[PDB]
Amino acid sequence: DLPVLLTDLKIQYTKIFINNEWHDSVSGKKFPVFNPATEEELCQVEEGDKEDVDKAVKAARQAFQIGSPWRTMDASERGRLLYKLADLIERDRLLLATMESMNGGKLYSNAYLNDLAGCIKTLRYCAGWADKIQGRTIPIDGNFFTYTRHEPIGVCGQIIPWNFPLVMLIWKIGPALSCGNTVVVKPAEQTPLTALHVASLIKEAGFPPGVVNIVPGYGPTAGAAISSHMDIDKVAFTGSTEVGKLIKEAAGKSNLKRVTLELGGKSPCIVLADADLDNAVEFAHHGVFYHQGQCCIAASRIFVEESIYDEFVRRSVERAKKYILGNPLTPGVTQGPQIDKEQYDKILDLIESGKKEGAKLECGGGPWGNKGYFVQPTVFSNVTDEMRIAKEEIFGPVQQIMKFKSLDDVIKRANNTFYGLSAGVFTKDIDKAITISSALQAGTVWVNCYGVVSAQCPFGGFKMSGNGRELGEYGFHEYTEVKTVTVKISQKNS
């Protein structure tokens, strides 16, 4: 059931958010925000820089001080605030989904039914952990009483990507706040709008001032200022592996701040001859085409056993030829635009290498429309491991299909990459499902499905697809700092 907003969307919040008030940039400058489906400017937003990241950090530091309201309130009350924030987002679900769809080029049905549901559910999940973060008492050698505190780390810098602006904002602030941190958030330059609306709801919910600060701006200026800042205790980043390496270097050079990264992928699927073919086709399809291919976990290499390869390719091409391109706000439209020109260019470039290096083009392979950053859904068969479209993250609607005959070999081929975010295995055989998923060097392995992500389980990459995990019980460890307290006593007893 898909309700819609019964009034044109008005853009209201466009300023820097620090200490629960709206700030103009120190420079005075603003920057444009565009709608990727029309290339039209939607509004202008205040441009944060080093100078503004400093006001946000001083505020975050102040709200983190011993004796402050955020440090002294019950953990259950931190949880309460988070639940309240989720209720408010549920209240503004129609406007946030529309804003998300219009700003981020995201199908409104997905924005409303998937993105907003996931934001609300993940916040509610995080809220429940707040008063269940516990340390330990430990039977140390000698006459001592030893316990641990799982304290918040402190001021956390959090850099949000443009592909899932609201979801990723909540994946970041949810755990960080549940554990008792304060945050300085830099949403993507392309997609700052939904974050600023959420900021208004953070103020409404009653979070103490300085606990969440949101500084829209550019990666090279505001993002660099975060990663190199001397009083930021931790940085979290989701984005390309390329920028991830710069983040990790900047932390090193500056103050050795803790770093977690969720980066790109070139995630493989392995489809065995005994698999339910239609199920494998459908999940692998959605796996690569979801949100215009703009997912870190895109199933961008599909290995299919030789004897069912032809039939897999046929059914796959058939599914890809059913899309309807257009503005993501209109019902019936099933493929929106790419986010922007850089991405658009990179994708078209990569599609050309495919054709040129000699992959079989099954459909698509060019742009679409007179306005927007639209790419036709594209399928390549007979792709080989040396081709650019098998090595590089495309981040576009471009599916690679490959054959294999030997299982040992295809696992080595699946693993033969610096990436390692996710993978898929399709088979009816118990032993193969368990042994293959154990052998894949990937952070999440799906068996007979793909792209199943939930707040209850940890998510992150092996190798250069990331450091650390988000969500689940695990993700909450990355947002605490462990302190051991050891007290001399006259005599211990077990």
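Residue indices: 1-based, along the sequence shown.
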item: Segment of higher mean CA temperature factor, 322-330 or 301-309; value: 322-330
item: Mean C-alpha B-factor comparison - 52-60 and 438-446, higher one; value: 52-60
item: Criterion, highest CA B-factor; candidates, 27, 465, 427, 454; value: 27
item: Candidate residues 170, 159, 387, 117, the one whose C-alpha B factor the record puts highest; value: 387
item: Third of the chain's Cα B-factor distribution that residue 373 belongs to, per the entry; value: highest
item: Chain thirds of CA B-factor: placement of residue 218; value: highest
item: Where the record places residue 380 (Cα B-factor, split into thirds across the chain); value: highest
item: CA B-factor ranking of residue 345, expressed as a third of its chain; value: highest
item: For residue 102, the third of its chain into which the C-alpha B factor falls; value: highest
